[PDB]
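Examination of the molecular architecture
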Amino acid sequence: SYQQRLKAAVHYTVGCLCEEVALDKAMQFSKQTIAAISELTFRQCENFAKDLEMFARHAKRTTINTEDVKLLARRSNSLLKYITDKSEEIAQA
Amino acid sequence: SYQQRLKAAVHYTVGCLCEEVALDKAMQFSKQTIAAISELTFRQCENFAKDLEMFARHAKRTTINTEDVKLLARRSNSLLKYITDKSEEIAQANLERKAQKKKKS
Amino acid sequence: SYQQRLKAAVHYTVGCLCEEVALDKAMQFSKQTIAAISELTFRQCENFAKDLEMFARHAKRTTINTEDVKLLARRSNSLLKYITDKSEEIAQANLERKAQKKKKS
Amino acid sequence: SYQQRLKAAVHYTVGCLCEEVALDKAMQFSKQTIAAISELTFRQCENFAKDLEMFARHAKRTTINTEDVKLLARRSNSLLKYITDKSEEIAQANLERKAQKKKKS
Amino acid sequence: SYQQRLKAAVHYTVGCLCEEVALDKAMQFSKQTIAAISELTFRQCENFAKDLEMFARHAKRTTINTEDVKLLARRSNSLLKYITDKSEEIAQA
Amino acid sequence: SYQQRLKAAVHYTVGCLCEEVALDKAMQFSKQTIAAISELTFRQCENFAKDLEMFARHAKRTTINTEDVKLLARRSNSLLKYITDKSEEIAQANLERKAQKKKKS
Amino acid sequence: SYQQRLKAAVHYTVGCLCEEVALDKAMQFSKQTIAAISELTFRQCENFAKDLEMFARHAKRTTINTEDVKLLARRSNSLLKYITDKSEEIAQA
Amino acid sequence: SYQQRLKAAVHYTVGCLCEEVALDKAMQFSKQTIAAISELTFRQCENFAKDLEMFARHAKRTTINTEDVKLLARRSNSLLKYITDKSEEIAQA
Amino acid sequence: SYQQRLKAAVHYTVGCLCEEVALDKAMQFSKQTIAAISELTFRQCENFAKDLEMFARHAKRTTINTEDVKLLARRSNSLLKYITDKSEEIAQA
Amino acid sequence: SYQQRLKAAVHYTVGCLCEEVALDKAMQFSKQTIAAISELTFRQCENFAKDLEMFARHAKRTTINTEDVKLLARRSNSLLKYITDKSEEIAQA
Amino acid sequence: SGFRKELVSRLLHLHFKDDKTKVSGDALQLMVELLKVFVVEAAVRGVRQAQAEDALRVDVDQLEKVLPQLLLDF
Amino acid sequence: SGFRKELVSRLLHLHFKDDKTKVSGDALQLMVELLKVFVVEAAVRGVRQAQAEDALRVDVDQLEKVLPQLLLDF
Amino acid sequence: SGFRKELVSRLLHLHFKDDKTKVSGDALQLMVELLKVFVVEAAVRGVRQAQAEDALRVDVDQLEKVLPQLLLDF
Amino acid sequence: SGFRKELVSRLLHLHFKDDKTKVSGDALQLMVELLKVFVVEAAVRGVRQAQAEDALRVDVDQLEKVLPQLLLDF
Amino acid sequence: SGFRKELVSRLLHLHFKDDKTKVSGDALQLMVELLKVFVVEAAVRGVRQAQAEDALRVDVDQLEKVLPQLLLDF
Amino acid sequence: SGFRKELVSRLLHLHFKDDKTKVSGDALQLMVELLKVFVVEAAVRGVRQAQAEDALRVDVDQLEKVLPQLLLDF
Amino acid sequence: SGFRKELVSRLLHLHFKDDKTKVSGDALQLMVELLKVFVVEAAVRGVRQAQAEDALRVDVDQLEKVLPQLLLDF
Amino acid sequence: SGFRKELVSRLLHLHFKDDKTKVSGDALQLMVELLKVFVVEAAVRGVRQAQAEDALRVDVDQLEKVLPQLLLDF
Amino acid sequence: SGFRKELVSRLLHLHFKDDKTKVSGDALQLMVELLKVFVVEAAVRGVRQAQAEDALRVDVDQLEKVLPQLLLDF
Amino acid sequence: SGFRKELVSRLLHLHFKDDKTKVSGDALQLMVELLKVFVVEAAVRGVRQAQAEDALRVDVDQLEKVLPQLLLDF
DNA sequence: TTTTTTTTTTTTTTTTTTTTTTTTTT
DNA sequence: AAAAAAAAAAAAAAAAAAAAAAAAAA
DNA sequence: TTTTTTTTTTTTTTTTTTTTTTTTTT
DNA sequence: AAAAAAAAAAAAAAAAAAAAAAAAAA
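Residues numbered from 1 in each chain as written, not as in the entry; some residues may be left out. Chains lettered and ligands numbered in written order. Heavy atoms only, no water.

Let us look at the overall build of chain A. Across its full length, chain A holds 4 helices and 0 strands. Element order for chain A, N to C, with α for helix and β for strand: α-α-α-α. Taken over C-alpha atoms, the radius of gyration comes to 16 Å for chain A, far larger than the 12 Å a tight globule of 93 residues would show. The buried share of chain A, reckoned over its 93 residues, is 42%. A separation threshold of at least 6 residues defines the contact pool for chain A, and within that pool the share at least 24 residues apart is 32%. Looking at charge distribution, chain A has the averaged site of its 14 positive side-chain charges lying 5 Å from that of its 12 negative ones. (Helix = DSSP H or I, 4+ residues; strand = E, 2+ residues; numbered from the N terminus. Rg over C-alpha atoms; globule rule 2.2 N^0.38 Å. Buried < 20%, exposed > 50% of the residue type's maximum accessible area, 1.4 Å probe, protein only. Contact = heavy atoms within 4.5 Å. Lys, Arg positive; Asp, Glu negative; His and termini not counted. Charge placed at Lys NZ, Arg CZ, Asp CG, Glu CD.)

Structure below.
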């Protein structure tokens, strides 16, 4: 099935970033831990996407913008600042 | 502080309505569970306040209505279904306003 | 007195707009700066209103309309271009007045 | 430029004025002050001239006379009474204008 | 004569003022210096009376005021800054 | 600098006109008595000049005429009379101005 | 005194004559040179006075004529030559 | 020259007298001084000769006597008194 | 030619120090004093060099040092005084 | 003083040689002359002795001998000639 | 039976980023219902746990086993 | 961010010496624009003056330097 | 002591939209007087402000403190 | 090293309940950043926990203890 | 310490050609100040000249050296 | 016989405090005369003094003896 | 340029033993000439002596060299 | 005004008896000094001779009556 | 002690311009005396000046200072 | 004929800065010869100068005219 | 009494003249 | 050293605009 | 057909009333 | 804990002024 095939590419990229963390602390990660990240990533995106749906749908609209996204991770405040900053970088375009 | 005051108020009604469920189920709750649900709803209210802000901000208005709210309990679908029923009863409490102020003949 | 209370009502809206410009230029205002632009606006409406008076008296009327006002900010070219354009959008609120007013057929 | 020649001649006149005032108060006038009043006065003249024009053409005349001038000086009352006083002596000086031409019989 | 008396009365207080200087510096004068300054003061008062007359006659009233006066101490500017100071105090009378 | 060169040309004419006096008496001048009069001449110009400025600002004109000058010649009486004499003579030098400027009748 | 004031007037004249000669070569005269010539010429006039009187008396006149002058200055030949010339210009005046 | 060795015999007679002066006060003259007096008298003999001839011509004579000579020594009167005496010493012969 | 220029190069430098001297005494230099002071410096450089040599080779060295030159200012006391002063000053530099 | 005392004893012997020169040419000395050579010898002995000290020390010694003395008279040629003869005559002593 | 109108209002006026933010009569009325089901289900989930591991009273162990899923539905 | 009809209305009726002076519907909506532009221009020129002398916050002395220029513009 | 007539007149003619506009002799004299009182007002006002906030120097800051009312006055 | 522009795109388009939704490029480029913050803070919390209860390596147990916290943030 | 005030008055009156000349009370007071400064300058200048030549008192020689500059100052 | 016109002019313009001070023709002419008689009088007085004290030339000492009266007359 | 008759007249009346002696105008004019030539020759001779011995000015030393000759010639 | 060090070296090297001879840095600087003292003294004494016989500048006669003693000291 | 007769005679007959002139013997004996006394007082006065400025001998300067005096007397 | 042995010896020891300096008897006999010729040539040329310029005894001007030349030779 | 046009008179502005002051040249 | 130009201000006459008296109507 | 006045009819602004939200007192 | 006032804003109806239709003249 289509959805299974993309979970494998997800595991790949989840594998990507976990390694930068492994050199940061000079220490070792379990592979089942790498496996559990791709599962919740994919589980999590379900809620993110369907949430974003209600948000965009609520916006008198059909397609995602920057405001729907910045609504979605309002919960941890280290994150809020992080992302507004990153948004001025991507806004160069 | 003022907020210690309002925090403990939350606890009071949580104590009561949770007693409704303790009755119903033949199982009694620890006081920390009680104390926990109170502080939890309080945490929840920051998220309620924030989210409702960005909803009313998003609709070019400052007096919030039912739709921003029905959208706040959006997440579990048992709840959004529950909410609509109860919002329709609100429409029936609305009919009560038309009886209150009487019209022409 | 009644005057300084109007001074304080003016202070509100100017505080709003000072923060909106603080958002665009990524640099905020001193609380004392907010106070000084309000003092400015209040004493500006002195020359506005009494300039508006001799205009309505210059055009030999009692009631001030759009022509006097357009001539009151006659002084800078960016500003003058700006006012006339928004005169067409305000006239769109009169087109809503076209939707409102009874036309017989 | 030609306007800069006349701005320099204006500095002369303000200088004379401030010289006389400096000896009245027994305290000297700063370099900046004399310069700033010279530029103040030239700036002020823009608003004088345009309002004068608005008044002349409003009062159906091509040549601005004494009425339009006194219209322009309307604003502070110590200033307005000054004007009319001195106007009598100059009007008396005009009696001298009538007198310089010889009379018939 | 009556004017020779005025030269001598100029001398009498010129006798007293140069002694403040004798207290001050520890340099006293010959009585010939005292006599020559008194003669000078009277001779000089002729030009100052004439001078003040020229000024007051030019300002066209018949009494001399403070203006004409402070203008007669014109030549040294140490004198002039000093002169204006003391006018402030006599005007407070 | 600027002033000292004017002083030196001054020194020249003094040498000359002091020779006219040496002429008159068959008695000789120290070159140094010459120098004394020159410097003195310069510092006297200072006082002549200072005084003629205070005259002219206080008569509301910016070009000095003969009257200020003859007020400056007040001190010994032989001076005052002698100067007046010579003023009417050179006034005739400028009457020449009128004779030579073509007069058409 | 006679001699002294009249010597100061003669010294002035002599001072003038020396300045004339100084001008010619741009070679100037000392203070002492001028003075010595002034006194020499003053005492030279004592020889002139006595001699003129003896020669006037000597030709039985009291009033001194052109002949006496030329008699007295017979001394340097270029001079008697040139002074006879100037007596012609004098005989014209 | 006639003048030259005769200036040499003048130079001689005067040299006699200058040495007799070197005896009296016990101190002498410079070489140029000896020369300068010999020259000086020679030039002085010009003055003597002219004037003497004009005195002898005043008195209707060519043959020169006592009177012209003592009138030539008219100048300093210390001299005039000294020489009238020696003229009596000579009047003896 | 080469030594004619060295006499003339010595001429310019000697002339600067000699015009230094014109200021101080209130008296100037004729061409001849200047020209005769320059000839001497050039001709004096001979016996200085050959005495410096006799001193340098006489001490078993190929190069003259500080001691041969101070030895060259030997028979006057004041040259000792002034030049040792200058030797301690140039030892600073 | 000891200086003055030696001066008057030297004056004796210089007056000797000067008097003996008065014998030979029948030519007498001014007495200022006799003192100028006595004074000259005294301060010349500063010149002679300071240099003699300098010489003796330069040739390995403190005691001045024949060698240094013969070198001090090497300036005019009649002096050099004079000295060598008398050295062989007194070397016999 | 349940939450008091004004109570909830001032509780939401606790966490507003703009205090000009309003709540209308109906909206507030339904806030109560939200929180009704909110804690309804907090209590209900806690007891399904106490029974599922067969408890004699409901202690914090069970409650804290029912916290995760409640947060995700809200 | 839109300015208020009522606000401008009562503000204007302050300095009238004749009360018969009314403000027409469009004249009222246009003074909304004039004051808006005036405040935006007073605020924008304050920031441009604080920018000019490199201030790290917008303070009193910057507005005072553009006070001359603002009087003449309005 | 007031402005010279030539000066005032050429400065006025600098700003006529219609150059057909003249300045009458008496109007010119009024303006001589008027510019005197205006400048005297500015200097007088400035001096009072400096001395009111107790300065040895009348600074531009004090003149700027009297600007609001000065310009409302003229 | 890490999230492809395309990855996040595909992933989102998979679970859109309305297919009308496309994602603007910048919004796409922000999610690589959001997914970046998401996974690595889950990873950081696994390690902080391995360290806290005194351990040799990062295992399932420690992560499931920090699971509550991660849900709360996202 | 100083000059008799009636002295000053009468001295001046002798020298007026038209005695219609009067001197104000305040100008009289300034005159006593002027007389002070006049005489004291004569005196203090005489002293500085004597100082300069190491004189034991102020002699007429030094006074007359200070007359020139005093005359320039008045 | 006296001073050059532009010489005397330049001298006096060296000390004017107001540079607007300018000098009419007759004023200039009488100034040439005044400077003439001025300096001649300094010379005249000097000669009186040399003669009076029977000096063989006009020296500094006499000059100083004559200065006082010069300045009294001017 | 040269000697006055009046001067010569007073000086020579000072040395006459007979005062009845008066001087003809002609004699007087010729002696204006003699006096002038005498003095100018003294000056010129002074100058020639200074030049001959290469002086920078004509000093008393040179004059003294010219005195003897001048007087034998007169 | 101080002897060129290149000049003194080439002058010294022209007439050295052994060609092994060089001049060290400080020694040649001191020869510059010794030659500089030589010229200065030759000069001071030349001026001293002309004025003694009172010449009106320093000709060969003067300096040369000082050149005898110049070679003895050097 | 003094002048030779034939010497004196020869000298004077060289400058006479008429040769008819014969001189009596006592007049020539007189000339012996007059010339004797000429040189005598020339020398005596030369002597008195050398003494006076305190000269080392009787030398040319002194005499020439009294050459004025001698040729006035002759 | 002349100089004694002791004169010279004592005379030498006067200016010695080191008195360890000894004098041999023959070198002493020789300095007698030297200073003997020293005085003789000082005299001879002083004498020869008085006679060469024709002076009336041996005077100081002549010795000191031979002084530069004599102190050269000594 | 009402309504319209031409000639002369007077007023204010702009340009030019005329005079005064300062620098450069022969 | 002496004379004219260059710059600046002031004043006088020409340009511009209105008001008075004479002409024509309703 | 041309001229002027009064009645009725409609339009736009200002104030006041009436409703809604928030905050405090009893 | 419950109710009402206080504050604000909106909307409603009366005030303000013009333009249409009918009445009398040119």
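Attention now goes to the overall build of chain B. Scanning chain B for helices and strands turns up 4 helices and 1 strand. Compactness check: chain B gives a C-alpha radius of gyration of 18 Å against a globular reference of 13 Å for 105 residues, more than 25% above the reference. Counting only C-alpha atoms and orienting by the principal axes, one finds that chain B spans roughly 60 × 35 × 35 Å. Counting all 105 residues of chain B, 43% fall into the buried class. Residue pairs in contact within chain B that sit at least 24 positions apart in sequence constitute 18% of those at least 6 positions apart. When the accessible area of chain B is evaluated, it comes to approximately 6600 Å², of which 52% is carbon and sulfur surface. (Areas by Shrake-Rupley, 256 points an atom, 1.4 Å probe, with all protein chains shown as cover.)

Moving on, we come to the protein's contact with DNA strand X. The local shell around DNA strand X consists of K:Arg4, L:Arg4 and L:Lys22. Between a sugar or linking oxygen of DNA strand X and a side-chain N or O atom of K:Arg4, the distance comes to 3.5 Å. (Near = heavy atom within 4 Å. Polar contact = N/O pair within 3.5 Å; in protein donor to acceptor, adjacent residues only side chain to side chain.)

With that out of the way, let us pick up the pattern of salt bridges. Inspection of every chain in the model, using the stated rule, returns 113 salt bridges over all chains. Among the ionic pairs, C:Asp51 bridges to D:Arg75, the shortest N-O distance being 3.0 Å. Placement of C:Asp51 in helix 2 (residues 31-58) and of D:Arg75 in the loop between helix 3 (66-72) and helix 4 (77-100) is noted, with the two residues assigned to different chains. Owing to a relative accessible area of 24%, D:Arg75 belongs among the partly exposed residues under this scheme. Where Q:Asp73 meets Q:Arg45, a salt bridge forms, and the shortest distance between an N and an O atom there is 3.1 Å. (Salt bridge = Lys/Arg side-chain N within 4 Å of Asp/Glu carboxyl O.)

Quick look at the protein's contact with DNA strand V now. Surveying the vicinity of DNA strand V reveals the residues D:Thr62, D:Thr63, F:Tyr12, M:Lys20, M:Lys22 and P:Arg4. Taking all atoms of DNA strand V within 4 Å of the protein, the share assigned to sugar and phosphate is 75%. In this structure, a phosphate oxygen belonging to DNA strand V sits 3.4 Å away from a side-chain N or O atom of D:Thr62. Grouping the constituent residues of the surface near DNA strand V by class yields 1 nonpolar, 2 polar and 3 charged. (Nonpolar A, V, L, I, M, F, W, Y, C, P; charged D, E, K, R; others polar.)

Bringing the interface of chain I and chain R into the picture now. With 48 residues of chain I at the interface, the matching set in chain R holds 46 residues. At the boundary of chain I with chain R, total buried surface from both sides reaches about 4800 Å², with 73% on carbon and sulfur atoms. Between the two partners, chain I and chain R, sit 1 salt bridge. For R:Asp18, the salt bridge identified is with I:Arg57, shortest N-O distance 2.4 Å. Of all the secondary structure elements, the ones that give two or more residues to the side of chain I that touches chain R are helix 1 (2-24), helix 2 (31-58), strand 1 (63-64), helix 3 (66-71) and helix 4 (77-92) of chain I. (Buried area = accessible area lost by both parts, 1.4 Å probe.)

This next bit is on the state of the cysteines. What the rule picks out here adds up to 0 disulfides over all chains. Take D:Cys18: it sits in no disulfide, and the sulfur closest to it among the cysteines is that of D:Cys16, at 9.7 Å. E:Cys18 provides the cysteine sulfur closest to E:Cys16, a residue in no disulfide bond, and the two sulfurs are 9.8 Å apart. (Disulfide = S-S within 2.5 Å.)

To continue, consider the nonpolar core. The nonpolar side chains of a soluble globular protein tend to be buried with one another. Ranked by size, the top nonpolar core spans 102 residues in total, and within it G:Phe29, H:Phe48, Q:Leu12, S:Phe3, S:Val8, S:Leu12 and S:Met31 carry the most contacts. With near-sequence residues (within four places) excluded, S:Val8 lies in contact with S:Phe3, S:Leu28, S:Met31, S:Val32 and S:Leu35. Counting residues in hydrophobic clusters, the runner-up holds 92 residues, among them A:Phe55, A:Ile83, K:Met31 and N:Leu70. (Core = buried A, V, L, I, M, F, W, Y, C linked by side-chain atoms within 4.5 Å.)

Here the domain parsing of chain B yields domain 1 (2-61) and domain 2 (73-105). For domain 1 of chain B and domain 2 of chain B, the distance between their C-alpha centroids amounts to 23 Å. (Domains from an automatic or database assignment.)

Bringing the packing of aromatic side chains into the picture now. Enumeration over the complete set of coordinates arrives at 19 aromatic pairs over all chains. Where R:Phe38 meets R:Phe74, the ring centres are 4.9 Å apart and the plane angle is 85 degrees; that geometry is what we call edge-to-face. In this pair, R:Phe38 sits in helix 2 (residues 25-52) while R:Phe74 sits in the segment after helix 3 (60-73), placing the two residues 36 residues apart along the sequence. Put simply, the rings of A:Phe48, N:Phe38 and N:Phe74 touch in pairs and so form one group of aromatic residues. (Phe/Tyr/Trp six-rings, centres within 6.5 Å; stacked < 30°, edge-to-face > 60°.)

Quick look at a positive patch on the surface now. Residues and elements named next belong to chain F. On the surface, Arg 97, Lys 98, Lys 101, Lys 102, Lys 103 and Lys 104 cluster together into a positively charged patch. Mapped onto the fold, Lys 101 is located in the segment after helix 4 (77-100). Owing to a relative accessible area of 48%, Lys 101 belongs among the partly exposed residues under this scheme. (Patch = residues over 30% accessible without salt bridge, like charges linked within 9 Å, V, L, I, M, F, W, Y side chains within 5 Å.)

Attention now moves to the arrangement of the chains. Counting contacts across all 39 pairs of chains found in contact, the highest total belongs to chains I and R. Across the gap from chain B to chain I, with no contact made, the nearest C-alpha atoms are 81 Å apart. Separated throughout, chain C and chain J approach each other most closely at a C-alpha pair spaced 91 Å apart.

A few words on the side chain of F:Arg74. Tracing the backbone through its elements, the reader meets F:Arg74 in the loop between helix 3 (66-72) and helix 4. The exposure class of F:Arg74 is buried, given its relative accessible area of 9%. Within the structure, the side chain of F:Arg74 is placed 3.0 Å from the backbone oxygen of F:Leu71, a separation counted as a polar contact. Once you skip the residues sitting within four places of it in the chain, F:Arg74 turns out to touch E:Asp51, E:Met54, F:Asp51, F:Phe55 and F:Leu80.

So, about a negative patch on the surface. Among the surface-exposed residues, L:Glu53, L:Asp59, L:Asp61, M:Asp59 and M:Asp61 lie close enough to one another that they form a single negatively charged patch. Within the fold, L:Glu53 resides in the loop between helix 2 (25-52) and helix 3 (60-65). With a relative accessible area of 36%, L:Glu53 lands in the partly exposed category.

What follows is about unusual backbone geometry. Outside of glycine, negative phi angles account for most residues, and trans bonds account for most peptide bonds. Positioned with a positive phi, P:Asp54 is a non-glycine residue whose angle comes to about 55 degrees. Mapped onto the secondary structure, P:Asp54 falls in the loop between helix 2 (25-52) and helix 3 (60-73).

Let's shift gears to the side chain of L:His15. By the secondary structure assignment, L:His15 is in the loop between helix 1 (5-12) and helix 2. Owing to a relative accessible area of 12%, L:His15 belongs among the buried residues under this scheme. Beyond its immediate chain neighbours, meaning those up to four positions away, L:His15 contacts C:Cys45, C:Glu46, C:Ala49 and C:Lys50.

Where helix 4 (residues 77-91) of chain J contacts helix 2 (residues 25-52) of chain T, the axes come no closer than 10 Å and their chain directions differ by 145 degrees. Note that helix 4 of chain J runs across helix 2 of chain T; the crossing there is right-handed. Residues J:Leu79, J:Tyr82, J:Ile83, J:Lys86, J:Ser87, J:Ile90 and J:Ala91 of helix 4 of chain J lie in contact with helix 2 of chain T, whose contacting residues are T:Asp26, T:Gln29, T:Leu30, T:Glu33, T:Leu34, T:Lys36 and T:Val37. Looking at the contact of helix 4 of chain J with helix 2 of chain T residue by residue, the class counts come to 8 nonpolar, 2 polar and 4 charged. (Axes fitted to C-alpha atoms, helices over the stretch in contact; angles between N-to-C directions. Left-handed = near helix turned anticlockwise from the far one by under 90°.)

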